[PDB]
Amino acid sequence: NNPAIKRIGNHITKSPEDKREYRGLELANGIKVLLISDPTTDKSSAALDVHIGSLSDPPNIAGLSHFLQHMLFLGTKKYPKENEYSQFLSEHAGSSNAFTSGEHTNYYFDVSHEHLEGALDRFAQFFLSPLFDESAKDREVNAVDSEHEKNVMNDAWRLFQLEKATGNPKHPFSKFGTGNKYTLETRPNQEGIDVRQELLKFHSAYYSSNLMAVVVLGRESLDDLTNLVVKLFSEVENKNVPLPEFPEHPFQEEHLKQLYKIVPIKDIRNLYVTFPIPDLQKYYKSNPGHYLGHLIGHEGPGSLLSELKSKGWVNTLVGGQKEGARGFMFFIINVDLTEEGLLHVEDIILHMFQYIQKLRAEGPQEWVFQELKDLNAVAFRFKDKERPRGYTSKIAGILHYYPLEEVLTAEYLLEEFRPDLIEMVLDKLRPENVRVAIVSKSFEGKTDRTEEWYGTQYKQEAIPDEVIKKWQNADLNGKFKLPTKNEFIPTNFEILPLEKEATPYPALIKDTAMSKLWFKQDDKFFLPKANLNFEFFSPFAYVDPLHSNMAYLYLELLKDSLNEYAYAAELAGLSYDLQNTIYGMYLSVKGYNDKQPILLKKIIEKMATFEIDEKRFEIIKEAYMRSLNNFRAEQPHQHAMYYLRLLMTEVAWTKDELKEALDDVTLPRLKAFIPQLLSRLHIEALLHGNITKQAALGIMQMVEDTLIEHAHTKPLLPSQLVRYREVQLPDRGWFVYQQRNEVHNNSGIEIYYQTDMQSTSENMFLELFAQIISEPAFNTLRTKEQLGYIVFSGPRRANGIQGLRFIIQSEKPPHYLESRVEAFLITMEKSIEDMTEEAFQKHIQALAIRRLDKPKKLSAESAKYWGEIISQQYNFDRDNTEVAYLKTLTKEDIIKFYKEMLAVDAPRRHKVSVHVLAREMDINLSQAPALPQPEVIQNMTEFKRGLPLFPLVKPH
Ligand SMILES: COC(=O)[C@@H](Cc1c[nH]cn1)NC(=O)CN(CC(=O)O)C(=O)CCc1ccccc1
Ligand SMILES: [Zn+2]
């Protein structure tokens, strides 16, 4: 029948709740393809995943395949304009990214449903005939440098590369994947390399159809999608590349029984234990590493972590199999350390080996396998519908590992019980096979070695044989038991029939002094799941830095106390989130609705009768202390956002104020605060999902009754429901606040042009403006001017007020970044004047689609309502209202707006700038306007005191 297609392949197994339709196939040139038809979708999407990545970089050009990934976006033969692809997505409500791992390069986009073909045609050109323009290459090489720079002082990245640096140095594993200006420009020039050629050469060599999978998701039929994919992808050449394989483990004998002592950037204490294992991927139908992961990483009674945490040695643990590449994997067990734990690392590892030994002694357990199989089956059956862009990206990666027919199920379904494989993996978790890393600031000064790409400081030792031998003779230890049946496993999936009184938006079904209950029975998704959100108000949670600290610790203590019991709930797809806010606390319980009341009842009950174990108190207080200190090591752009938040909010305690007040938090003082906090509250709740009104009222009243029974709670008075205001900046003012980041050698800037209170029309002026400037801000400040990797723009909403912000992290100083942004704003007014009426309407259409995009799953719909409730705007039909209004706007409206509120000589410009300086300070380019001298903020309190505050926004 069809020369262009090798194979069609059978029905693709899907959940029976999945109304989308699917066709797998294989093109003549080798491309594995999944087509997904969703006739209701708002965005379409596609992804392409090439089975090549940085493990295949040339040894003399670290980061080449990552760099290539950047360059594919910057023009092809059919679409030579550098930003054709970006701007097309932007004008049709889409977005795109890409990533490169050791074996893959993965490219995906979404777009408005009726412009799939447009988007896909541009996308296909990436794989056919990229330009790699010489001038683009010179520019983009900075963005890749900047990306690396952002990672340099991050502990996760450093450990990630330290591991690669300590295996076999001639194994591809040890390569440097990101690349930087040095590896991608400086040194190749020094060595006579034409990088445009090396990119042409690599693309030509590795971008072979036989190494590619594609997924496309759209409203079209399967037949129409098929024709489409054949049309744009049959022409990719098959150069028949063998798939790279790495049968030899980068950790050989010389790499085993080694100890590493590493100095962190942040003040953290961790121990990483690693064993090399073979590639388990081919055993996916039984998944022996998941079985052992489930056991070793367990957190219930009888578990490894239970005992380490009781000895006061660790607070958290992670264990299980870790991806390597084709040919090798790892098995890891990593824990954080208390100060005691740091001195007992040897005993910790013995306990690990005792627990593994217990697994050997009891042997593989079919009922445990049975449990995971069941959980996986229920999860698969009732999986949330995914956002298109993530779904295609994720399936494109897995098309390389699974038969077409299984790609949806493979990662979920379990079919084979394999005590042999389990035994075989257990036989590698042995002291003679072990690598041990200790990350601690106590190693400062004591190290003698330095990792080349990140500068990490470490020491490497043989673990002494006395130590191996002691671990090899690990007896059983009776504190360690396998877990018992998981009683939280759900079994009731009945979907309650939709009630006669069901509304499309949440309804206020209870409005008392104690509690305000918003409710909606799910009428869209029909999965046996529910979301229960509660905001608890207490003035005592933020009355001062000390109380804030206590609110925090109280909740951390509570979570830590519930963990053993909650963990079973989590494996059963039932979880919770519990945190202190500047208003009091937030509690959310999400998941299968079956056993939800039980978990929820337990939490409130513990909350109200809580008894603190003081060793837990002391460990958590110390972790929190480190945690506040560690803020100093966050990125300059985060610092900028943090300072602006502190400047524009009526009330806010700084981390310094918090750390200072922390020494005063005693056990006595915390026991006193808890009943104080719970004595008067107000509760506002959204209960949303597979539940009825009457079950909702029941749950609300149960939460209330428990607080009353156990903590005597009474109502707050309507007047004590303080929501905080934003600072109101003067017409034509400009304020700068400046700080130094002490760890990172970039600077950060945030610029905020405050506009006015939120409301239908102020909202849409800002949003439309943001839409129009979005891609060009990126295209100009990043792609042309190459000011940094991080370059953001868009609305700021806080405390009912709003405005336009830019964020940039750069090597260049902030005074300079200011001026490039102002230069950019002029370029924007000129281009709004110059654009066609129709280009104008496309932006409207594009924002329109963004706003009207239906939530694909329960919790996305909850989040939307929840934001209407926490903001106290309660505007559930906001998207229709605001989109109706948006369709009436014109170029004259936006030009006016820009001229009123935004332009440099705007009558109502209100500008504030946070400059975060790098670790050590004290052309083709458009003209930047002359700026006024700013008012430099010296003291955040004086500043606020000296300014009006805005009203709060009226409801409805
Ligand atoms: C089945 O395996 C598991 O149950 C858990 C282990 C665990 C410990 N405590 C609670 N659960 N999860 C994992 O092992 C998770 N896995 C990550 C993932 O699921 O994507 C990993 O092992 C990777 C850990 C890692 C290493 C380095 C940097 C980031 C993350
Ligand atoms: Zn990148």
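Residues numbered from 1 in each chain as written, not as in the entry; some residues may be left out. Chains lettered and ligands numbered in written order. Heavy atoms only, no water. Residues with missing side-chain atoms left out of burial classes, pairs and counts.

Asker: Which residues make up the packing of helix α4 (residues 134-152) against helix α6 (residues 181-190), and what values do they have?
Answerer: At a minimum axis separation of 8 Å, α4 and α6 run at an interaxial angle of 140°. The angle between α4 and α6 falls in the class oblique. Facing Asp138, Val141, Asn142, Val144 and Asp145 of α4, the residues of α6 in contact are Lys181, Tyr182, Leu184 and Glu185. For the contact of α4 with α6, the per-class residue count stands at four nonpolar, one polar and four charged. (Axes fitted to C-alpha atoms, helices over the stretch in contact; angles between N-to-C directions. Helix = DSSP H or I, 4+ residues; strand = E, 2+ residues; numbered from the N terminus. Parallel < 35°, antiparallel > 145°, perpendicular 65-115°, else oblique. Contact = heavy atoms within 4.5 Å. Nonpolar A, V, L, I, M, F, W, Y, C, P; charged D, E, K, R; others polar.)

Asker: Pulling in residues and values, what's your account of the site of ligand 1?
Answerer: In the neighbourhood of ligand 1, the contacting residues comprise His290, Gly293, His294, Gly297, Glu299, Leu317, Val318, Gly319, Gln321 and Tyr567. Between a nitrogen atom of ligand 1 and a main-chain N or O atom of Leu317, the distance comes to 2.9 Å. For ligand 1, an oxygen atom lies 3.0 Å from a polar atom in the backbone of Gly319. If ligand 1 stood free it would expose 680 Å²; the protein chains cover 49% of that surface. (Near = heavy atom within 4 Å. Polar contact = N/O pair within 3.5 Å; in protein donor to acceptor, adjacent residues only side chain to side chain. Areas by Shrake-Rupley, 256 points an atom, 1.4 Å probe, with all protein chains shown as cover.)

Asker: So, the side chain of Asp155: which residues are in play, and what are the values?
Answerer: Looking at where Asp155 falls in the secondary structure, it is placed in helix α5 (residues 155-166). The side chain of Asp155 sits in the buried core without any salt bridge; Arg158 is the nearest counter-charge, 4.3 Å away. Polar contacts involving the side chain of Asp155 include one to the main-chain amide nitrogen of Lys266, which spans 2.9 Å. Apart from the residues lying within four places of it in its own chain, the contact partners of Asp155 are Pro264, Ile265, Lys266 and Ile268. (Buried < 20%, exposed > 50% of the residue type's maximum accessible area, 1.4 Å probe, protein only. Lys, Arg positive; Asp, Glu negative; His and termini not counted. Salt bridge = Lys/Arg side-chain N within 4 Å of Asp/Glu carboxyl O.)

Asker: Give me the lowdown on the pairing of strand β24 (residues 791-798), citing residues and values where you can.
Answerer: Bridge count between β24 and strand β25 (residues 801-810): eight bridges; the pairing is antiparallel. Within the sheet, the bridge partner assigned to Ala798 lies in β25 and is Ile801. Connecting the antiparallel pair β24 and β25 is a turn made up of two residues, with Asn799 showing a positive phi of about 55°. (Pairing = 2+ DSSP bridges.)

Asker: Outline the coordination of the zinc ion (ligand 2), listing residues and values.
Answerer: Four donors placed tetrahedrally around a metal ideally meet at 109.5 degrees, and six donors placed octahedrally ideally meet at 90 or 180 degrees. Taken together, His66 (NE2), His70 (NE2) and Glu147 (OE) make up the protein donors of the zinc ion (ligand 2), found 1.9 to 2.2 Å from the metal. The sequence pattern formed by the donor residues of the zinc ion (ligand 2) is H-x3-H-x76-E. Placement of the pair is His70 in helix α1 (residues 64-72) and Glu147 in helix α4, with a sequence separation of 77 residues. Comparing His70 with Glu147, the two get one shared label, buried. (Donors = N, O, S within 2.8 Å, 3.2 Å for Na, K, Ca; no water.)

Asker: Requested: an account of the sheet that holds strand β22 (residues 733-740), with residues and values cited.
Answerer: Strand order in the open sheet made by the six strands is β24-β25-β23-β26-β22-β27, with mixed pairing throughout. Looking at strand neighbours, the two that pair on one side only are β24 and β27 (935-936), the edges of this open sheet. Pairing analysis gives nine bridges linking strand β23 (residues 747-757) to β25, with the strands arranged antiparallel. For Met757, the partnering residue across the bridge sits in β25 and is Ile801.

Asker: Describe the packing of aromatic side chains, with residues and values.
Answerer: Considering all chains together, one arrives at 55 aromatic pairs under this definition. Arranged with centres 5.8 Å apart and planes meeting at 75°, the rings of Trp157 and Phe160 form a pair that is edge-to-face. Highlighted residues: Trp157 and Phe160, both in helix α5, separated by three residues, approximately one helical turn. The partly exposed category is assigned to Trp157, whose relative accessible area is 33%. Both rings, one in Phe173 and one in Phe330, keep their centres 5.8 Å apart while their planes meet at 40°; by these two values the pair is tilted. Of this pair, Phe173 sits in the loop between α5 and α6 while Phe330 is found in strand β11 (residues 328-336), placing the two residues 157 residues apart along the sequence. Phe330 carries the same exposure label as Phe173, and that label is buried. These aromatic residues form a ring-pair network of at least three members: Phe73, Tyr85, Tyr107, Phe109, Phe123, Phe126, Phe127 and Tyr207. (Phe/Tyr/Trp six-rings, centres within 6.5 Å; stacked < 30°, edge-to-face > 60°.)

Asker: Describe the UniProt feature "short sequence motif: SlyX motif" in the protein chain, and please don't skip the residues or the numbers.
Answerer: In the numbering adopted here, UniProt assigns the feature "short sequence motif: SlyX motif" to residues 811-816. Across residues 811-816, helical content stands at 50% and strand content at 0%; the span's end C-alpha atoms are separated by 10 Å. (UniProt positions renumbered as here; feature names shortened; annotations may be inferred.)

Asker: Mind laying out the side chain of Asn630, listing which residues take part and the relevant values?
Answerer: In this fold, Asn630 is placed in helix α19 (residues 614-630). Note on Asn630: relative accessible area 10%, which makes it buried. Residues in contact with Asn630, not counting those within four places in the same chain, are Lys266, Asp267 and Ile268.

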